[PDB]
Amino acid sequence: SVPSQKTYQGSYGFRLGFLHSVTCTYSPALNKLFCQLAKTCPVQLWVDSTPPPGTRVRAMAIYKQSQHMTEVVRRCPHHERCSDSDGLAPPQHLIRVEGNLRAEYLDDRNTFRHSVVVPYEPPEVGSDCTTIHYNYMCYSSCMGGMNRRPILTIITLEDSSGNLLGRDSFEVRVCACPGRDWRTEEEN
C-alpha cells in the first residue's frame, strides 16, 4: 500500500513551517527541502490550538513518482552498514530525529515501512511553534537505495492510538550541494 499524502490541518490546524536559509534550505515554490547528508533539518510544527497530552508526531518517507510509490524507502547497502548509529535509530532507517531521547522507531509489520515518532511538545515560553530536528541518512543518489528517485517526507500528527489528527508533507533531495541544486531546480 501507499500512505496518504493529502494535506489535512484537522481540528488543531496543524501545518509545518520551514526556516528561511548552505547545508539545508527549503523552497516554498517547489515545496522541497534540499539538505546535506546527516545534517540538521529544522522543521517547525504549527497549530491553532494545543492538541491533547499523548499526541505524537510521525515522519515517514515515500517515493514521489507513481511507478515507485509502492517501494519502501530505506538506506542503501553501504549506509545501512556504516555503524553511524546514534543508539536509538535502527541502521536501515533513512530519517532520524536528532536530540530527543523519547524518539521511537517503527518497522511496520504489514507495510514494512519505516517511521520515527516523537511526543508532540507544546511551544516553550516566548515561542509560537515547536521545532523538530531531523537528519536524512542517505543521499538521493545512493545506488541500491533511492537511486536518484525523489522522495516525499510525510509528517503526521497522531493521537495516542496512532489515529490521524493532521498531515503535511514536503519533497526532499539529500545532496552534496543543496545551494546549487536548489538554484538549478528553481530555475527549471
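Residue numbers run from 1 along the displayed sequence.
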**Request:** Might you work out how many residues are unmodelled in the deposited sequence between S11 and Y12, and answer none, 1 to 3, 4 to 9, or 10 or more?
**Result:** none
**Prompt:** Should the higher mean CA B-factor in the entry be assigned to 110 to 118 or to 78 to 86?
**Reply:** 78 to 86
**Asked** Mean CA B-factor: is it higher for 31 to 39 or for 66 to 74?
**Response** 66 to 74
**Message:** Quiz for you: based on the deposited Cα B-factor, which of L16, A176, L164, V172 is highest?
**Reply:** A176
**Request:** State the tercile, meaning the lowest, middle or highest third, of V125 with respect to the CA B-factors recorded for its chain.
**Result:** highest
**Request:** Place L94 in the lowest, middle or highest third of its chain's C-alpha B-factors, as listed in the PDB entry.
**Result:** lowest
**Prompt:** For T156, does the deposited CA B-factor place it in the lowest, middle or highest third of the chain?
**Reply:** lowest
**Item:** Chain-relative CA temperature factor third for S141
**Value:** middle
